[PDB]
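Shown next, in structure tokens, is the structure this report addresses.
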Amino acid sequence: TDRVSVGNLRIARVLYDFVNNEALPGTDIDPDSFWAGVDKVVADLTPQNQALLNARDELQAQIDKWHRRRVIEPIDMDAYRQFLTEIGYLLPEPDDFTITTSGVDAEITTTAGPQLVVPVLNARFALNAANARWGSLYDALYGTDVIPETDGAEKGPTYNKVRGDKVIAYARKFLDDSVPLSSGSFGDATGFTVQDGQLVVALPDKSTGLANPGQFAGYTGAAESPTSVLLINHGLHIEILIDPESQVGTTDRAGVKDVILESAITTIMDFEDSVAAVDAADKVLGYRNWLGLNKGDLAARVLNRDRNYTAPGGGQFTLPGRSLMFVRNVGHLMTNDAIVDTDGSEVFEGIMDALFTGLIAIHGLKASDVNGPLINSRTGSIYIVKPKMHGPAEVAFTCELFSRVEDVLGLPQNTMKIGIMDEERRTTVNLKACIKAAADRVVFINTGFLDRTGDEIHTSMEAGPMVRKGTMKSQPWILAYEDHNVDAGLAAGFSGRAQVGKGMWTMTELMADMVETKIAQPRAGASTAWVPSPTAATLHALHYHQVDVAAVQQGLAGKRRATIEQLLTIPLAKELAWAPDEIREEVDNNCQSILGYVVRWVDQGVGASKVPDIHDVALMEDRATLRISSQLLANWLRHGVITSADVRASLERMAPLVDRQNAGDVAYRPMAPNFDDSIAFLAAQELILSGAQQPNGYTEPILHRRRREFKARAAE
Ligand SMILES: O=C(O)c1cc(F)c(Cl)cc1Cl
Ligand SMILES: [Mg+2]
Ligand SMILES: [Mg+2]
Ligand SMILES: [Mg+2]
């Protein structure tokens, strides 16, 4: 082979080289000592890693048997709850505590606003996301359906003044709602000046300042004739750009060219569910991008620099031009043959990710010629989101892993902070303890609701048929799950200390709907929530101007809005819930969902994209959509809702539709009609028919295998 031997490990040459030639230089870490650390950490932590996975299996078998061993139709909750306690699934709740995590940037502790997640393997998207800290409100309004395309404001191949004027009006209104004038409206402004460190806004008949002069943060250009005016509200910046000479400015009553919102305050560069990375070459491509981001020299076109302003008084000052970056590592389950041992066994991927993404992150703490010019964390922290954990022992293990990595890296202990995903049932019902296990490292918790639903289905697979996928988002268990997560964070002292986050808006083209409905998230006390794009970050930023999250959080303090019984309410369908046409509809829906995603993943190594659903609505989901759909169909198969012929026929009907939906794609290769020849189609089928047998319903073992199979076929 072409592997490098280091103790018990045999490292893929492409990885070894990348680390030696690209990652290590500038860190001052001894290369032979680094690799020695890797071998040691992998040797030391692998058994515990394996033990935790086996414990998941042990637990699930007992739940399976408990369900199968009874006939009693409605679930006896008292008995169910004491059973879960007995087997160590439901652990005792620790006493009240407050997190002690320190050295955390203000973007995480304090500022509430949109959080962007992007696939790290896409250099363009990662670059765009990093730059999405600031975004044009006008572009976001003009370019989406937030402004209706009425029989008067329809987007053409060129600028529509009717549409533009509506964009302007909408933004003027946002200004009045967010930074009110002491009298009158921004809609009647005729100019801006800075007089005696005070913002002066010219009306037709008077001048006025702001109701709160403190919202005035600064300006650019001459105070007599500002080029722009900087404002602030709920910790987020708003910039009014002034340019009468501009295409839009000339039509504007105050010469305003645009309104810029501070949008994506933080971004998560994702190595997990939004990417397809099944071997060393794929991991390296991701590691190299994360490196470029942390050095500040990634280009594909370049990262933005910080923003220069003049304080109201006259001093200069500067603001971050880039989103503060987290990285999301893979979780505890998978191995990757990037490194194998002597036996040829693959090394745990989560362990590797912590070592390599952690090493790379050192560059984001420095600014030089070898380290690149750009800084990520000014406070000295590295932010790692850790997905798919099941319970406090698994959280503890990640923290011990980070400690071991810190030692290998020569970093202070607790440099490596943890963003805890609450997306598995055993974490949900033990959340307070999971937080305690990371009490000196935790910088967020977040409800990963799609993975969570997949776990919900798989955990109770033997209980009975589940409700339909669309119904899941309004079931009692998930609404309690959402409220419980906020309760736990706040009680652990997250306000002012750590983010409380909610899930991804997936309908990329439904921006009107997003602006209308996603406001529920900060209203529920989430200091952040996920958006899929810079445009969506800008629009979701509107919500944080309308909702005072800090005040909302203050008011939820001390309240306990979900019981353990509510969390434990399994989403079983009532008897005779569905007509046969509705059953067929749900099957087709889920099969299309699986095919649509699996085809891009297996054939093109794409893990996130705009996939049209069965009704051609554009969704940008990640691998979790596969977990839910495959588990639901497996559940329906298992309890006799549908037959194996039903499933095959739906896959066979949905496949040509998926093909057609991908018609504008040069590299696309159709699944229909030779289904046994399509690795993609068979992967889809395998996810379903083997669904009930996958550990906690996880799709990676099958997906990875099938993607590796596709790459191997392609290589000849
Ligand atoms: O929920 C997630 O983990 C997620 C992450 C992503 F990066 C994207 Cl594009 C979509 C989702 Cl649904
Ligand atoms: Mg740097
Ligand atoms: Mg997830
Ligand atoms: Mg307010």
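Count the sequence shown with the deposited numbering and you get residues 2 to 301, 312 to 727, in order. Virtual Cβ for every residue (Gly too), placed ideally from N, Cα, C.
Cβ separation of residue i and residue j, assumed to be a contact under 8 Å, to the nearest whole Å
i: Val338; j: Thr346; result: So it is not a contact: roughly 20 Å between Cβ atoms.
i: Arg717; j: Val622; result: Rounded, the Cβ-Cβ distance is 18 Å, inconsistent with contact.
i: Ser334; j: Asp106; result: Not a contact, Cβ separation roughly 11 Å.
i: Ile393; j: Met427; result: 5 Å
i: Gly332; j: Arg318; result: 5 Å
i: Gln603; j: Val652; result: Not quite, the Cβ-Cβ distance comes to about 18 Å (not below 8 Å), so this is no contact.
i: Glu246; j: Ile261; result: That belief does not hold up - the Cβ atoms of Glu246 and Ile261 are roughly 18 Å apart, past 8 Å.
i: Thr464; j: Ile639; result: 5 Å
i: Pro384; j: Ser264; result: Not confirmed; about 23 Å, so no contact.
i: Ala113; j: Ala561; result: 7 Å
i: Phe413; j: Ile429; result: 7 Å
i: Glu711; j: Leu344; result: 6 Å
For residue i, the nearest candidate out of the options (CA to CA)
i: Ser506; options: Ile581, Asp364, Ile456 and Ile690; result: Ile456
i: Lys397; options: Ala590, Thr228 and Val454; result: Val454
i: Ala301; options: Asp178, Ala131, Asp146 and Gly504; result: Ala131
i: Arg719; options: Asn707, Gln696, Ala703 and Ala691; result: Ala691
i: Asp166; options: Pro120, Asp178 and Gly153; result: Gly153
i: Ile575; options: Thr438, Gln248 and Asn21; result: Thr438
i: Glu360; options: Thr409, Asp624, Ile269 and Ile386; result: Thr409
i: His626; options: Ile530, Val617 and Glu596; result: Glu596
i: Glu417; options: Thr368, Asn673, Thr390 and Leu60; result: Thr368
i: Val285; options: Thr580, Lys174 and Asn22; result: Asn22
i: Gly504; options: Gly481, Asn646 and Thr102; result: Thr102
i: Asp298; options: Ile386, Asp283 and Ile350; result: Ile386
i: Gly324; options: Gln199, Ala444, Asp657 and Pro706; result: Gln199
i: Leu501; options: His343, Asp688 and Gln564; result: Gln564
i: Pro120; options: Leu700, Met477, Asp687 and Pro543; result: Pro543
i: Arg664; options: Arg680, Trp647, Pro684 and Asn673; result: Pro684
i: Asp177; options: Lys258, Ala212, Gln196 and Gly355; result: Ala212
Neighbour-count burial assignment, residue i, 16 or more Cβ in a 10 Å radius
i: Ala223; result: exposed
i: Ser655; result: exposed
i: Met515; result: buried
i: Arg70; result: exposed
i: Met78; result: exposed
i: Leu117; result: buried
i: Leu232; result: buried
i: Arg508; result: buried
i: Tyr143; result: buried
Closer than 7 Å: residue i CB and nearest ligand 2 heavy atom
i: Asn213; result: no
i: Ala378; result: yes
i: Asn290; result: no
i: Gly383; result: yes
i: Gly375; result: yes
Cβ-heavy atom distance, residue i to ligand 1, below 7 Å
i: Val118; result: yes
i: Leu25; result: no
i: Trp36; result: no
i: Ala619; result: yes
i: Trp541; result: yes
i: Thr549; result: no
i: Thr517; result: yes
i: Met631; result: yes
DSSP-derived helix/strand/coil call for residue i
i: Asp559; result: coil
i: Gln486; result: coil
i: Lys207; result: coil
i: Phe193; result: strand
i: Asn387; result: coil
i: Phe721; result: helix
i: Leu176; result: helix
i: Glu357; result: strand
i: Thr321; result: strand
i: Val419; result: helix
i: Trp516; result: coil
i: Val202; result: strand
Residue i Cβ short of 7 Å to ligand 4 heavy atom set
i: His554; result: no
i: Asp559; result: yes
Cβ-heavy atom distance, residue i to ligand 3, below 7 Å
i: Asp97; result: no
i: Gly504; result: no
i: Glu576; result: no
i: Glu467; result: no
i: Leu567; result: no
i: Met400; result: no
i: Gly326; result: no
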